[PDB]
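*Asks:* If you scroll down you'll find the structure; I have some questions about it.
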Amino acid sequence: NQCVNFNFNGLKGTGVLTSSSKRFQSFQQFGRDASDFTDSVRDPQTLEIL
Amino acid sequence: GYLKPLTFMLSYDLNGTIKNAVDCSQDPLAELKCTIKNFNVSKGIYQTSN
Ligand SMILES: *[C@@H]1O[C@H](CO)[C@@H](O)[C@H](O)[C@H]1NC(C)=O
Ligand SMILES: *[C@@H]1O[C@H](CO)[C@@H](O)[C@H](O)[C@H]1NC(C)=O
Ligand SMILES: *[C@@H]1O[C@H](CO)[C@@H](O)[C@H](O)[C@H]1NC(C)=O
């Protein structure tokens with residue numbers, strides 16, 4: 001819930017909070033969408049997705 | 001069978017799996033589908049790419 005800069009092996013600075021993240025299949029890390037905007041990334045060691 | 005250099009149109013479902021495909025070099029209907037980039041074509045007359 002703050003304007004942060006995350007480095008989940010890639011750099012981008014936005015805000016963060018908890019995601020449902022239904023669409024995570026086949027060893028996925030970042031849940032991109034149309035126009036390549038980044039949302040729904042997961043912790044690289046745990047399974048929780050923000 | 002042997003592979004050839006061709007142009008294909010691919011579709012992805014809600015789970016991220018390929019469910020349909022169109023070979024654009026088969027018939028004029030497939031060429032029309034690949035020109036407008038849709039699996040459903042309405043009634044009319046359209047110009048197609050080679
Ligand atoms: C990765 O190691 C950290 C401690 O460095 C631990 O908290 C975390 O649970 C570990 N993850 C796995 C999947 O073992
Ligand atoms: C997508 O995957 C889920 C996994 O539980 C499955 O239940 C569902 O039927 C799949 N959707 C389609 C359209 O196949
Ligand atoms: C488009 O074509 C598919 C395949 O025949 C058909 O099942 C579907 O209902 C059609 N979609 C629309 C929007 O008409």
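Ordering of the structure tokens sets the chain letters (A, B, ...), residue numbers begin anew at 1 in every chain, and ligands are numbered from 1 in the order given.
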Residues up to 8 Å from ligand 3, counting only C-alpha atoms and all ligand atoms: could you list those as a PyMOL selection string?

*Replies:* chain B and resi 39-41

*Asks:* Could you save the residues just selected, with N, CA, C and O atoms, as an mmCIF file, in the first residue's frame?

*Replies:*
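The resulting result.cif:
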```
data_model
loop_
_atom_site.group_PDB
_atom_site.id
_atom_site.type_symbol
_atom_site.label_atom_id
_atom_site.label_comp_id
_atom_site.auth_asym_id
_atom_site.auth_seq_id
_atom_site.Cartn_x
_atom_site.Cartn_y
_atom_site.Cartn_z
ATOM 1 N N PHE B 39 -11.866 -15.004 -36.194
ATOM 2 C CA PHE B 39 -12.346 -16.326 -36.574
ATOM 3 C C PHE B 39 -13.783 -16.307 -37.075
ATOM 4 O O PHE B 39 -14.255 -17.320 -37.603
ATOM 5 N N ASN B 40 -14.485 -15.189 -36.921
ATOM 6 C CA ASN B 40 -15.849 -15.030 -37.405
ATOM 7 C C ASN B 40 -15.890 -13.887 -38.408
ATOM 8 O O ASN B 40 -15.370 -12.800 -38.137
ATOM 9 N N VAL B 41 -16.507 -14.134 -39.561
ATOM 10 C CA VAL B 41 -16.596 -13.154 -40.637
ATOM 11 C C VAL B 41 -18.063 -12.844 -40.893
ATOM 12 O O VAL B 41 -18.881 -13.759 -41.038
#
```

*Asks:* Using only C-alpha atoms, what does the table of chain A residues within 12 Å of chain B look like, with each row giving the shortest atom pair and its distance in Å to one decimal, sorted by chain and ascending number, as a Markdown table?

*Replies:*
```
| residue | atom | partner | partner_atom | distance |
| --- | --- | --- | --- | --- |
| A:22 | CA | B:15 | CA | 9.6 |
| A:23 | CA | B:15 | CA | 6.8 |
| A:24 | CA | B:15 | CA | 8.5 |
| A:25 | CA | B:15 | CA | 7.4 |
| A:26 | CA | B:16 | CA | 9.1 |
| A:28 | CA | B:16 | CA | 11.0 |
| A:31 | CA | B:16 | CA | 11.2 |
| A:32 | CA | B:16 | CA | 12.0 |
| A:33 | CA | B:16 | CA | 11.8 |
```

*Asks:* Ligand 1: which residues are within 10 Å, counting only C-alpha atoms and all ligand atoms? Reply as a VMD selection string.

*Replies:* chain A and resid 43 to 47

*Asks:* Expressed in Å to a single decimal, how great is the separation between CA of residue 1 in chain B and CA of residue 32 in chain B?

*Replies:*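 Interatomic distance here is 26.5 Å.
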
*Asks:* Work out how far apart CA of residue 26 in chain B and CA of residue 42 in chain B are and give it in Å to one decimal.

*Replies:* 19.9 Å
